[PDB]
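Source file: protein-v2.pdb (PDB, C-alpha atoms and all ligand atoms)
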```pdb
ATOM      1  CA  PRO T   1     -33.778  22.533  -8.983  1.00  0.00           C
ATOM      2  CA  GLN T   2     -33.524  18.758  -9.371  1.00  0.00           C
ATOM      3  CA  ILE T   3     -31.063  17.330 -11.883  1.00  0.00           C
ATOM      4  CA  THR T   4     -31.497  13.713 -13.033  1.00  0.00           C
ATOM      5  CA  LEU T   5     -28.508  11.766 -14.210  1.00  0.00           C
ATOM      6  CA  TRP T   6     -29.892  10.442 -17.493  1.00  0.00           C
ATOM      7  CA  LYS T   7     -27.351  12.834 -19.071  1.00  0.00           C
ATOM      8  CA  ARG T   8     -24.198  14.460 -17.713  1.00  0.00           C
ATOM      9  CA  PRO T   9     -25.020  17.040 -14.996  1.00  0.00           C
ATOM     10  CA  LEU T  10     -23.686  20.037 -16.899  1.00  0.00           C
ATOM     11  CA  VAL T  11     -24.546  23.519 -15.724  1.00  0.00           C
ATOM     12  CA  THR T  12     -23.450  27.018 -16.611  1.00  0.00           C
ATOM     13  CA  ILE T  13     -20.780  28.589 -14.409  1.00  0.00           C
ATOM     14  CA  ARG T  14     -19.283  32.088 -14.394  1.00  0.00           C
ATOM     15  CA  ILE T  15     -15.715  32.868 -13.417  1.00  0.00           C
ATOM     16  CA  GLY T  16     -14.991  36.534 -14.076  1.00  0.00           C
ATOM     17  CA  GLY T  17     -15.840  37.343 -17.688  1.00  0.00           C
ATOM     18  CA  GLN T  18     -15.877  33.694 -18.739  1.00  0.00           C
ATOM     19  CA  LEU T  19     -18.966  31.532 -18.949  1.00  0.00           C
ATOM     20  CA  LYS T  20     -18.331  27.819 -19.188  1.00  0.00           C
ATOM     21  CA  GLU T  21     -20.217  24.582 -18.879  1.00  0.00           C
ATOM     22  CA  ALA T  22     -19.193  22.399 -15.916  1.00  0.00           C
ATOM     23  CA  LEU T  23     -20.033  19.031 -14.341  1.00  0.00           C
ATOM     24  CA  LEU T  24     -21.622  18.974 -10.917  1.00  0.00           C
ATOM     25  CA  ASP T  25     -19.326  16.192  -9.759  1.00  0.00           C
ATOM     26  CA  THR T  26     -19.852  14.386  -6.434  1.00  0.00           C
ATOM     27  CA  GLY T  27     -16.807  12.207  -7.211  1.00  0.00           C
ATOM     28  CA  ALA T  28     -14.478  15.239  -7.266  1.00  0.00           C
ATOM     29  CA  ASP T  29     -13.015  16.439  -3.930  1.00  0.00           C
ATOM     30  CA  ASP T  30     -11.805  19.623  -5.584  1.00  0.00           C
ATOM     31  CA  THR T  31     -12.927  21.914  -8.383  1.00  0.00           C
ATOM     32  CA  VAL T  32     -10.875  21.511 -11.569  1.00  0.00           C
ATOM     33  CA  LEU T  33     -11.225  23.958 -14.436  1.00  0.00           C
ATOM     34  CA  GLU T  34      -9.880  23.980 -17.982  1.00  0.00           C
ATOM     35  CA  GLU T  35      -6.756  25.980 -18.762  1.00  0.00           C
ATOM     36  CA  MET T  36      -7.329  29.672 -18.040  1.00  0.00           C
ATOM     37  CA  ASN T  37      -5.120  32.591 -16.969  1.00  0.00           C
ATOM     38  CA  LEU T  38      -6.606  33.702 -13.630  1.00  0.00           C
ATOM     39  CA  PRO T  39      -5.074  36.607 -11.700  1.00  0.00           C
ATOM     40  CA  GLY T  40      -3.274  36.167  -8.389  1.00  0.00           C
ATOM     41  CA  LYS T  41      -1.070  33.753  -6.482  1.00  0.00           C
ATOM     42  CA  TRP T  42      -1.218  30.009  -6.968  1.00  0.00           C
ATOM     43  CA  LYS T  43       0.712  26.873  -6.080  1.00  0.00           C
ATOM     44  CA  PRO T  44       1.420  23.740  -8.129  1.00  0.00           C
ATOM     45  CA  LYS T  45      -0.329  20.470  -7.310  1.00  0.00           C
ATOM     46  CA  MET T  46      -0.879  16.996  -8.767  1.00  0.00           C
ATOM     47  CA  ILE T  47      -4.319  15.389  -8.829  1.00  0.00           C
ATOM     48  CA  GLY T  48      -5.053  11.796  -9.727  1.00  0.00           C
ATOM     49  CA  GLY T  49      -7.889  10.036 -11.501  1.00  0.00           C
ATOM     50  CA  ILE T  50      -8.499   7.434 -14.187  1.00  0.00           C
ATOM     51  CA  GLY T  51      -5.344   7.205 -16.354  1.00  0.00           C
ATOM     52  CA  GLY T  52      -3.085   8.823 -13.735  1.00  0.00           C
ATOM     53  CA  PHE T  53      -2.230  12.362 -12.718  1.00  0.00           C
ATOM     54  CA  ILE T  54      -2.274  15.872 -14.114  1.00  0.00           C
ATOM     55  CA  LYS T  55      -0.438  18.939 -12.875  1.00  0.00           C
ATOM     56  CA  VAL T  56      -2.704  21.816 -11.847  1.00  0.00           C
ATOM     57  CA  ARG T  57      -2.380  25.337 -10.440  1.00  0.00           C
ATOM     58  CA  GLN T  58      -4.233  25.914  -7.179  1.00  0.00           C
ATOM     59  CA  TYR T  59      -5.857  29.359  -6.825  1.00  0.00           C
ATOM     60  CA  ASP T  60      -7.573  30.273  -3.547  1.00  0.00           C
ATOM     61  CA  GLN T  61     -10.649  32.366  -2.748  1.00  0.00           C
ATOM     62  CA  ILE T  62     -11.898  32.549  -6.336  1.00  0.00           C
ATOM     63  CA  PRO T  63     -15.556  33.562  -6.704  1.00  0.00           C
ATOM     64  CA  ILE T  64     -17.619  31.432  -9.100  1.00  0.00           C
ATOM     65  CA  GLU T  65     -21.354  31.690  -9.891  1.00  0.00           C
ATOM     66  CA  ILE T  66     -23.001  28.296 -10.476  1.00  0.00           C
ATOM     67  CA  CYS T  67     -26.559  28.530 -11.882  1.00  0.00           C
ATOM     68  CA  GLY T  68     -26.865  31.939 -10.230  1.00  0.00           C
ATOM     69  CA  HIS T  69     -25.694  30.556  -6.864  1.00  0.00           C
ATOM     70  CA  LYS T  70     -22.682  32.283  -5.305  1.00  0.00           C
ATOM     71  CA  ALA T  71     -19.598  30.313  -4.377  1.00  0.00           C
ATOM     72  CA  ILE T  72     -16.051  31.177  -3.395  1.00  0.00           C
ATOM     73  CA  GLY T  73     -13.156  28.829  -2.794  1.00  0.00           C
ATOM     74  CA  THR T  74     -10.212  26.901  -4.122  1.00  0.00           C
ATOM     75  CA  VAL T  75     -10.060  26.247  -7.861  1.00  0.00           C
ATOM     76  CA  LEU T  76      -7.512  23.999  -9.570  1.00  0.00           C
ATOM     77  CA  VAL T  77      -6.634  24.991 -13.129  1.00  0.00           C
ATOM     78  CA  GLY T  78      -5.117  22.510 -15.511  1.00  0.00           C
ATOM     79  CA  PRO T  79      -5.345  20.366 -18.624  1.00  0.00           C
ATOM     80  CA  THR T  80      -8.726  18.747 -17.997  1.00  0.00           C
ATOM     81  CA  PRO T  81     -11.094  17.976 -20.922  1.00  0.00           C
ATOM     82  CA  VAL T  82     -14.049  19.123 -18.829  1.00  0.00           C
ATOM     83  CA  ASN T  83     -14.764  21.737 -16.173  1.00  0.00           C
ATOM     84  CA  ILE T  84     -15.444  19.971 -12.860  1.00  0.00           C
ATOM     85  CA  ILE T  85     -17.336  21.487  -9.938  1.00  0.00           C
ATOM     86  CA  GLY T  86     -16.143  19.523  -6.933  1.00  0.00           C
ATOM     87  CA  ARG T  87     -17.526  19.051  -3.433  1.00  0.00           C
ATOM     88  CA  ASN T  88     -15.695  22.101  -2.059  1.00  0.00           C
ATOM     89  CA  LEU T  89     -18.116  24.306  -4.038  1.00  0.00           C
ATOM     90  CA  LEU T  90     -21.110  21.958  -4.336  1.00  0.00           C
ATOM     91  CA  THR T  91     -21.727  22.312  -0.579  1.00  0.00           C
ATOM     92  CA  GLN T  92     -21.704  26.113  -0.868  1.00  0.00           C
ATOM     93  CA  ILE T  93     -24.578  26.080  -3.392  1.00  0.00           C
ATOM     94  CA  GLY T  94     -26.631  23.627  -1.329  1.00  0.00           C
ATOM     95  CA  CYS T  95     -26.146  20.575  -3.557  1.00  0.00           C
ATOM     96  CA  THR T  96     -27.081  17.139  -2.199  1.00  0.00           C
ATOM     97  CA  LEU T  97     -27.454  13.625  -3.587  1.00  0.00           C
ATOM     98  CA  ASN T  98     -30.852  11.991  -3.085  1.00  0.00           C
ATOM     99  CA  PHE T  99     -32.329   8.555  -3.730  1.00  0.00           C
TER     100      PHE T  99
ATOM    101  CA  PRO L   1     -31.402   8.728   1.810  1.00  0.00           C
ATOM    102  CA  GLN L   2     -30.201  12.314   1.390  1.00  0.00           C
ATOM    103  CA  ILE L   3     -26.412  12.686   1.225  1.00  0.00           C
ATOM    104  CA  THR L   4     -24.509  15.933   1.795  1.00  0.00           C
ATOM    105  CA  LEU L   5     -21.086  16.562   0.293  1.00  0.00           C
ATOM    106  CA  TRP L   6     -18.863  17.793   3.133  1.00  0.00           C
ATOM    107  CA  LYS L   7     -17.523  14.222   3.051  1.00  0.00           C
ATOM    108  CA  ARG L   8     -16.913  11.841   0.134  1.00  0.00           C
ATOM    109  CA  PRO L   9     -20.197  10.079  -0.745  1.00  0.00           C
ATOM    110  CA  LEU L  10     -18.827   6.598  -0.091  1.00  0.00           C
ATOM    111  CA  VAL L  11     -21.346   3.807   0.237  1.00  0.00           C
ATOM    112  CA  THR L  12     -21.271   0.077   0.756  1.00  0.00           C
ATOM    113  CA  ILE L  13     -22.144  -2.024  -2.289  1.00  0.00           C
ATOM    114  CA  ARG L  14     -22.835  -5.748  -2.568  1.00  0.00           C
ATOM    115  CA  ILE L  15     -21.597  -7.548  -5.671  1.00  0.00           C
ATOM    116  CA  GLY L  16     -21.127 -11.330  -6.006  1.00  0.00           C
ATOM    117  CA  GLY L  17     -21.711 -11.681  -2.256  1.00  0.00           C
ATOM    118  CA  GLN L  18     -18.773  -9.346  -1.612  1.00  0.00           C
ATOM    119  CA  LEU L  19     -19.078  -6.022   0.221  1.00  0.00           C
ATOM    120  CA  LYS L  20     -16.981  -3.129  -1.129  1.00  0.00           C
ATOM    121  CA  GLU L  21     -16.893   0.636  -0.612  1.00  0.00           C
ATOM    122  CA  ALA L  22     -17.610   2.799  -3.653  1.00  0.00           C
ATOM    123  CA  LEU L  23     -17.878   6.449  -4.478  1.00  0.00           C
ATOM    124  CA  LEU L  24     -21.141   7.866  -5.835  1.00  0.00           C
ATOM    125  CA  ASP L  25     -19.696   9.757  -8.769  1.00  0.00           C
ATOM    126  CA  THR L  26     -22.040  12.008 -10.771  1.00  0.00           C
ATOM    127  CA  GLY L  27     -19.127  13.080 -13.021  1.00  0.00           C
ATOM    128  CA  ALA L  28     -18.646   9.468 -14.200  1.00  0.00           C
ATOM    129  CA  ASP L  29     -20.671   8.147 -17.162  1.00  0.00           C
ATOM    130  CA  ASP L  30     -19.726   4.581 -16.249  1.00  0.00           C
ATOM    131  CA  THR L  31     -19.318   2.448 -13.140  1.00  0.00           C
ATOM    132  CA  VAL L  32     -15.697   1.328 -12.788  1.00  0.00           C
ATOM    133  CA  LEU L  33     -14.455  -1.049 -10.077  1.00  0.00           C
ATOM    134  CA  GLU L  34     -10.916  -1.988  -9.054  1.00  0.00           C
ATOM    135  CA  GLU L  35      -9.502  -5.360 -10.117  1.00  0.00           C
ATOM    136  CA  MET L  36     -11.767  -8.219  -9.070  1.00  0.00           C
ATOM    137  CA  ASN L  37     -13.032 -11.517 -10.442  1.00  0.00           C
ATOM    138  CA  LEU L  38     -16.525 -11.550 -11.934  1.00  0.00           C
ATOM    139  CA  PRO L  39     -18.067 -14.558 -13.689  1.00  0.00           C
ATOM    140  CA  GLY L  40     -19.245 -14.656 -17.298  1.00  0.00           C
ATOM    141  CA  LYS L  41     -18.060 -13.255 -20.590  1.00  0.00           C
ATOM    142  CA  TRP L  42     -16.389  -9.870 -20.740  1.00  0.00           C
ATOM    143  CA  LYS L  43     -15.196  -7.599 -23.536  1.00  0.00           C
ATOM    144  CA  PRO L  44     -11.981  -5.579 -23.630  1.00  0.00           C
ATOM    145  CA  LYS L  45     -12.724  -1.860 -23.618  1.00  0.00           C
ATOM    146  CA  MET L  46     -10.740   1.345 -23.246  1.00  0.00           C
ATOM    147  CA  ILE L  47     -11.953   4.381 -21.335  1.00  0.00           C
ATOM    148  CA  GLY L  48     -10.701   7.912 -20.721  1.00  0.00           C
ATOM    149  CA  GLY L  49     -10.134   9.823 -17.504  1.00  0.00           C
ATOM    150  CA  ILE L  50      -8.458  12.969 -16.252  1.00  0.00           C
ATOM    151  CA  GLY L  51      -5.003  11.336 -16.464  1.00  0.00           C
ATOM    152  CA  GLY L  52      -5.318   9.503 -19.760  1.00  0.00           C
ATOM    153  CA  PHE L  53      -6.821   6.280 -21.073  1.00  0.00           C
ATOM    154  CA  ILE L  54      -6.889   2.808 -19.511  1.00  0.00           C
ATOM    155  CA  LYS L  55      -7.852  -0.718 -20.457  1.00  0.00           C
ATOM    156  CA  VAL L  56     -10.819  -2.251 -18.665  1.00  0.00           C
ATOM    157  CA  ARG L  57     -12.914  -5.431 -18.809  1.00  0.00           C
ATOM    158  CA  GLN L  58     -16.604  -4.834 -19.533  1.00  0.00           C
ATOM    159  CA  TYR L  59     -19.144  -7.068 -17.769  1.00  0.00           C
ATOM    160  CA  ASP L  60     -22.809  -6.644 -18.637  1.00  0.00           C
ATOM    161  CA  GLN L  61     -25.945  -7.263 -16.557  1.00  0.00           C
ATOM    162  CA  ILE L  62     -24.171  -7.547 -13.201  1.00  0.00           C
ATOM    163  CA  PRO L  63     -26.380  -7.176 -10.094  1.00  0.00           C
ATOM    164  CA  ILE L  64     -25.097  -4.612  -7.575  1.00  0.00           C
ATOM    165  CA  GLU L  65     -26.968  -3.537  -4.473  1.00  0.00           C
ATOM    166  CA  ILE L  66     -25.962   0.029  -3.707  1.00  0.00           C
ATOM    167  CA  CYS L  67     -26.826   1.214  -0.232  1.00  0.00           C
ATOM    168  CA  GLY L  68     -29.830  -1.176  -0.254  1.00  0.00           C
ATOM    169  CA  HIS L  69     -31.015  -0.310  -3.786  1.00  0.00           C
ATOM    170  CA  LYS L  70     -30.879  -2.934  -6.541  1.00  0.00           C
ATOM    171  CA  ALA L  71     -29.217  -2.286  -9.891  1.00  0.00           C
ATOM    172  CA  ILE L  72     -28.412  -4.643 -12.769  1.00  0.00           C
ATOM    173  CA  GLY L  73     -26.056  -3.277 -15.382  1.00  0.00           C
ATOM    174  CA  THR L  74     -22.650  -2.752 -16.876  1.00  0.00           C
ATOM    175  CA  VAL L  75     -19.582  -2.894 -14.694  1.00  0.00           C
ATOM    176  CA  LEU L  76     -16.120  -1.986 -15.977  1.00  0.00           C
ATOM    177  CA  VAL L  77     -13.196  -3.563 -14.100  1.00  0.00           C
ATOM    178  CA  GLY L  78      -9.728  -2.034 -14.257  1.00  0.00           C
ATOM    179  CA  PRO L  79      -7.118   0.347 -12.737  1.00  0.00           C
ATOM    180  CA  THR L  80      -9.470   3.037 -11.467  1.00  0.00           C
ATOM    181  CA  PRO L  81      -7.991   4.830  -8.432  1.00  0.00           C
ATOM    182  CA  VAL L  82     -11.154   4.031  -6.420  1.00  0.00           C
ATOM    183  CA  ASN L  83     -14.381   2.097  -6.952  1.00  0.00           C
ATOM    184  CA  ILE L  84     -16.822   4.488  -8.620  1.00  0.00           C
ATOM    185  CA  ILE L  85     -20.565   4.221  -9.177  1.00  0.00           C
ATOM    186  CA  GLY L  86     -21.340   6.093 -12.387  1.00  0.00           C
ATOM    187  CA  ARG L  87     -24.496   7.437 -13.976  1.00  0.00           C
ATOM    188  CA  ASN L  88     -25.338   4.122 -15.661  1.00  0.00           C
ATOM    189  CA  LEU L  89     -26.197   2.694 -12.211  1.00  0.00           C
ATOM    190  CA  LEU L  90     -27.027   5.959 -10.374  1.00  0.00           C
ATOM    191  CA  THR L  91     -30.051   6.381 -12.661  1.00  0.00           C
ATOM    192  CA  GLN L  92     -31.164   2.824 -11.872  1.00  0.00           C
ATOM    193  CA  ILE L  93     -31.255   3.514  -8.114  1.00  0.00           C
ATOM    194  CA  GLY L  94     -33.090   6.819  -8.698  1.00  0.00           C
ATOM    195  CA  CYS L  95     -30.252   9.151  -7.719  1.00  0.00           C
ATOM    196  CA  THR L  96     -30.611  12.889  -8.435  1.00  0.00           C
ATOM    197  CA  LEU L  97     -28.739  16.059  -7.553  1.00  0.00           C
ATOM    198  CA  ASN L  98     -30.710  18.716  -5.699  1.00  0.00           C
ATOM    199  CA  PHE L  99     -30.037  22.330  -4.715  1.00  0.00           C
TER     200      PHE L  99
HETATM  201  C1  LIG M   1     -12.602  12.068 -23.566  1.00  0.00           C
HETATM  202  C2  LIG M   1     -12.627  11.604 -22.136  1.00  0.00           C
HETATM  203  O1  LIG M   1     -11.656  11.735 -21.404  1.00  0.00           O
HETATM  204  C3  LIG M   1     -13.866  10.960 -21.577  1.00  0.00           C
HETATM  205  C4  LIG M   1     -14.883  10.541 -22.431  1.00  0.00           C
HETATM  206  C5  LIG M   1     -16.022   9.953 -21.900  1.00  0.00           C
HETATM  207  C6  LIG M   1     -16.143   9.761 -20.529  1.00  0.00           C
HETATM  208  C7  LIG M   1     -15.131  10.174 -19.650  1.00  0.00           C
HETATM  209  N1  LIG M   1     -15.252   9.995 -18.255  1.00  0.00           N
HETATM  210  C8  LIG M   1     -14.099   9.807 -17.382  1.00  0.00           C
HETATM  211  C9  LIG M   1     -14.773   9.434 -16.037  1.00  0.00           C
HETATM  212  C10 LIG M   1     -14.113  10.247 -14.964  1.00  0.00           C
HETATM  213  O2  LIG M   1     -12.932  10.016 -14.737  1.00  0.00           O
HETATM  214  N2  LIG M   1     -14.843  11.182 -14.327  1.00  0.00           N
HETATM  215  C11 LIG M   1     -14.257  12.116 -13.355  1.00  0.00           C
HETATM  216  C12 LIG M   1     -14.633  13.486 -13.953  1.00  0.00           C
HETATM  217  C13 LIG M   1     -14.172  13.561 -15.407  1.00  0.00           C
HETATM  218  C14 LIG M   1     -15.102  13.504 -16.443  1.00  0.00           C
HETATM  219  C15 LIG M   1     -14.694  13.548 -17.777  1.00  0.00           C
HETATM  220  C16 LIG M   1     -13.346  13.643 -18.104  1.00  0.00           C
HETATM  221  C17 LIG M   1     -12.415  13.708 -17.083  1.00  0.00           C
HETATM  222  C18 LIG M   1     -12.821  13.661 -15.738  1.00  0.00           C
HETATM  223  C19 LIG M   1     -14.737  11.902 -11.918  1.00  0.00           C
HETATM  224  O3  LIG M   1     -16.123  12.290 -11.733  1.00  0.00           O
HETATM  225  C20 LIG M   1     -13.839  12.690 -10.948  1.00  0.00           C
HETATM  226  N3  LIG M   1     -12.451  12.158 -10.930  1.00  0.00           N
HETATM  227  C21 LIG M   1     -12.133  11.418  -9.682  1.00  0.00           C
HETATM  228  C22 LIG M   1     -12.805  10.033  -9.679  1.00  0.00           C
HETATM  229  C23 LIG M   1     -12.326   9.170 -10.852  1.00  0.00           C
HETATM  230  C24 LIG M   1     -12.527   9.319  -8.363  1.00  0.00           C
HETATM  231  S1  LIG M   1     -11.302  13.223 -11.390  1.00  0.00           S
HETATM  232  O4  LIG M   1     -10.170  12.432 -11.764  1.00  0.00           O
HETATM  233  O5  LIG M   1     -11.812  13.985 -12.508  1.00  0.00           O
HETATM  234  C25 LIG M   1     -10.895  14.194 -10.154  1.00  0.00           C
HETATM  235  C26 LIG M   1     -11.614  15.373  -9.949  1.00  0.00           C
HETATM  236  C27 LIG M   1     -11.321  16.223  -8.871  1.00  0.00           C
HETATM  237  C28 LIG M   1     -10.303  15.874  -8.002  1.00  0.00           C
HETATM  238  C29 LIG M   1      -9.578  14.719  -8.183  1.00  0.00           C
HETATM  239  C30 LIG M   1      -9.856  13.866  -9.253  1.00  0.00           C
HETATM  240  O6  LIG M   1      -8.635  14.623  -7.188  1.00  0.00           O
HETATM  241  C31 LIG M   1      -8.818  15.733  -6.294  1.00  0.00           C
HETATM  242  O7  LIG M   1      -9.857  16.534  -6.896  1.00  0.00           O
HETATM  243  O8  LIG M   1     -16.172   9.708 -16.185  1.00  0.00           O
HETATM  244  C32 LIG M   1     -16.407   9.946 -17.589  1.00  0.00           C
HETATM  245  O9  LIG M   1     -17.549  10.044 -18.010  1.00  0.00           O
HETATM  246  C33 LIG M   1     -13.985  10.770 -20.196  1.00  0.00           C
END
```

Write-out of the structure in structure tokens:
Amino acid sequence: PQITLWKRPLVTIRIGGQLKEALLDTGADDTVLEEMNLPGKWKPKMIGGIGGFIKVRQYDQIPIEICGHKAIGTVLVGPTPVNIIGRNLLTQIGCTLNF
Amino acid sequence: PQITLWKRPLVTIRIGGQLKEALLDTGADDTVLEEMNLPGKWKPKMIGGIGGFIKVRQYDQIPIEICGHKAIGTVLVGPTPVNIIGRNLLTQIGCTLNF
């Protein structure tokens, strides 16, 4: 589909048995999800934005469905107010910017 | 143009006769630029981000040419980690997400 930017580009994502709304975010290198207790190994990381940094947990090779498109990759879990689909997964679902 | 997301969508902008690099940021409501001088009246504002809240200066009806496309709108100036073009100006230049 084509998503205009009159409103926030929120879409439905699925990560295991959880459905969540998330931003398709071209300004995000990495995918950052709200606090959730995913299985498996992880490593701590800091990521920076407006207002400074948050601590996140980096999980690798996590499958996520984004509008029925399959993705799998690194997901950072931490105290974000919004779920953020970053470029690492946007490319996998064939997402481009156009003007 | 069409822009893929294997790299950061950085573009050259022209503002006040100055060329800067800025990130096309679909996850940002508002355009926020690093400290710079702009003429005219501004209003103090506070905005949120992943790391907390910051103080910015709000300038209205500022011309910016983004990758050759003309916008005239609100520019927030403050301690953003990088220059970001938000949805307020992305809509003006006709930017959409497609997959
Ligand atoms: C309540 C609140 O916080 C709020 C309210 C209204 C608006 C906003 N913001 C904040 C601003 C913003 O910072 N956007 C982020 C995504 C985001 C959206 C809402 C809340 C928090 C974060 C950017 O699109 C992406 N950020 C990086 C840019 C600033 C350069 S980031 O900090 O979220 C980020 C994401 C992934 C990352 C990363 C940093 O480093 C590596 O991977 O855009 C908004 O619309 C926040």

| said: So that I can check the surroundings of region 39-49 of chain T, please list as a list in words every protein, DNA and RNA residue that reaches within 6 Å of it, counting only C-alpha atoms and ignoring chain neighbours fewer than 2 positions away. | reply: residues 52, 53, 54, 55, 56, 57, 58 and 59 of chain T; 50 and 51 of chain L

| request: Check the smallest atom-to-atom distance from each of T:37, T:19, T:14, T:75 to ligand LIG 1 (chain M) using only C-alpha atoms and all ligand atoms, then report the winner. | output: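 Once distances to ligand LIG 1 (chain M) are computed over only C-alpha atoms and all ligand atoms, the minimum belongs to T:75.
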
Against ligand LIG 1 (chain M), which residues of chain T fall within 7 Å? For each one I want the closest pair of atoms and the distance in Å (one decimal), counting all atoms listed in the file, rows by chain and increasing residue number, as CSV.
```
residue,atom,partner,partner_atom,distance
T:25,CA,M:LIG1,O3,5.4
T:26,CA,M:LIG1,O3,6.8
T:27,CA,M:LIG1,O3,4.6
T:28,CA,M:LIG1,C27,3.7
T:29,CA,M:LIG1,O7,4.3
T:30,CA,M:LIG1,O7,3.9
T:31,CA,M:LIG1,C27,5.9
T:32,CA,M:LIG1,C27,6.0
T:47,CA,M:LIG1,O6,4.7
T:48,CA,M:LIG1,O6,5.2
T:49,CA,M:LIG1,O4,3.3
T:50,CA,M:LIG1,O2,5.2
T:80,CA,M:LIG1,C17,6.3
T:81,CA,M:LIG1,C16,5.6
T:82,CA,M:LIG1,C16,5.6
T:84,CA,M:LIG1,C12,6.6
T:86,CA,M:LIG1,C27,6.2
```

| query | Just so the selection is clear, what residues does the PyMOL selection byres (((chain T and resi 10) around 9) and not hetatm) cover here, as a ChimeraX atom specification? | reply | /T:7-9,11-12,21-24

| message | So, with all atoms listed in the file as the atoms that count, which of T:68, T:17, T:77, T:99 lies closest to residue 2 (chain L)? | response |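 Nearest candidate to residue 2 (chain L) out of T:68, T:17, T:77, T:99: T:99.
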
| task | Mind checking which residues fall within 7 Å of region 91-93 of chain L, counting only C-alpha atoms, ignoring those fewer than 3 positions away in the same chain, and posting them as an NGL selection string? | result | (:T and (5-6 or 99)) or (:L and (69-71 or 87-88))

| field | Result set, the PyMOL selection byres (((chain L and resi 34) around 6) and not hetatm) on current file, as number ranges by chain | value | L: 33, 35, 77-80, 83

| Hey, can you check how far CA of residue 3 (chain L) sits from CA of residue 1 (chain T)? | 16.0 Å

| request: Grab the CA of residue 72 (chain L) to CA of residue 36 (chain L) distance for me, in Å with one decimal place. | output: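 Spanning CA of residue 72 (chain L) to CA of residue 36 (chain L) is a straight-line distance of 17.4 Å.
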
| With all atoms listed in the file as the atoms that count, which of T:38, T:13, T:89, T:95 lies nearest to chain L? |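 Among the listed residues, T:95 lies closest to chain L.
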
| request: Would you work out the distance separating CA of residue 18 (chain T) from CA of residue 62 (chain T), expressed in Å to one decimal? | output: 13.1 Å

Can you fill out region 55-70 of chain T with N, CA and C atoms and hand it back as an mmCIF file, keeping the file's coordinate frame?
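Output contents, as saved in selection.cif:
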```
data_model
loop_
_atom_site.group_PDB
_atom_site.id
_atom_site.type_symbol
_atom_site.label_atom_id
_atom_site.label_comp_id
_atom_site.auth_asym_id
_atom_site.auth_seq_id
_atom_site.Cartn_x
_atom_site.Cartn_y
_atom_site.Cartn_z
ATOM 1 N N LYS T 55 -0.939 17.811 -13.636
ATOM 2 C CA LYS T 55 -0.438 18.939 -12.875
ATOM 3 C C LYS T 55 -1.444 20.076 -13.005
ATOM 4 N N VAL T 56 -1.771 20.695 -11.878
ATOM 5 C CA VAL T 56 -2.704 21.816 -11.847
ATOM 6 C C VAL T 56 -2.114 22.975 -11.054
ATOM 7 N N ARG T 57 -2.729 24.147 -11.215
ATOM 8 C CA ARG T 57 -2.380 25.337 -10.440
ATOM 9 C C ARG T 57 -3.525 25.641 -9.497
ATOM 10 N N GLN T 58 -3.221 25.679 -8.205
ATOM 11 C CA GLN T 58 -4.233 25.914 -7.179
ATOM 12 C C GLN T 58 -4.352 27.408 -6.869
ATOM 13 N N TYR T 59 -5.529 27.968 -7.147
ATOM 14 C CA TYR T 59 -5.857 29.359 -6.825
ATOM 15 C C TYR T 59 -6.841 29.350 -5.665
ATOM 16 N N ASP T 60 -6.659 30.237 -4.692
ATOM 17 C CA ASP T 60 -7.573 30.273 -3.547
ATOM 18 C C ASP T 60 -8.527 31.467 -3.601
ATOM 19 N N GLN T 61 -9.652 31.313 -2.913
ATOM 20 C CA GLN T 61 -10.649 32.366 -2.748
ATOM 21 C C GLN T 61 -11.075 32.990 -4.078
ATOM 22 N N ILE T 62 -11.411 32.127 -5.029
ATOM 23 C CA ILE T 62 -11.898 32.549 -6.336
ATOM 24 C C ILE T 62 -13.419 32.476 -6.339
ATOM 25 N N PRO T 63 -14.103 33.609 -6.588
ATOM 26 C CA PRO T 63 -15.556 33.562 -6.704
ATOM 27 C C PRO T 63 -16.017 32.958 -8.023
ATOM 28 N N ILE T 64 -16.985 32.056 -7.933
ATOM 29 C CA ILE T 64 -17.619 31.432 -9.100
ATOM 30 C C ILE T 64 -19.137 31.445 -8.883
ATOM 31 N N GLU T 65 -19.891 31.757 -9.936
ATOM 32 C CA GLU T 65 -21.354 31.690 -9.891
ATOM 33 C C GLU T 65 -21.761 30.405 -10.603
ATOM 34 N N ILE T 66 -22.576 29.587 -9.940
ATOM 35 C CA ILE T 66 -23.001 28.296 -10.476
ATOM 36 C C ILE T 66 -24.530 28.276 -10.516
ATOM 37 N N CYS T 67 -25.100 28.387 -11.712
ATOM 38 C CA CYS T 67 -26.559 28.530 -11.882
ATOM 39 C C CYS T 67 -27.139 29.680 -11.068
ATOM 40 N N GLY T 68 -26.432 30.803 -11.030
ATOM 41 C CA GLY T 68 -26.865 31.939 -10.230
ATOM 42 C C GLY T 68 -26.671 31.795 -8.727
ATOM 43 N N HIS T 69 -26.042 30.709 -8.277
ATOM 44 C CA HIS T 69 -25.694 30.556 -6.864
ATOM 45 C C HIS T 69 -24.252 30.995 -6.659
ATOM 46 N N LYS T 70 -24.008 31.735 -5.582
ATOM 47 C CA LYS T 70 -22.682 32.283 -5.305
ATOM 48 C C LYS T 70 -21.811 31.256 -4.595
#
```
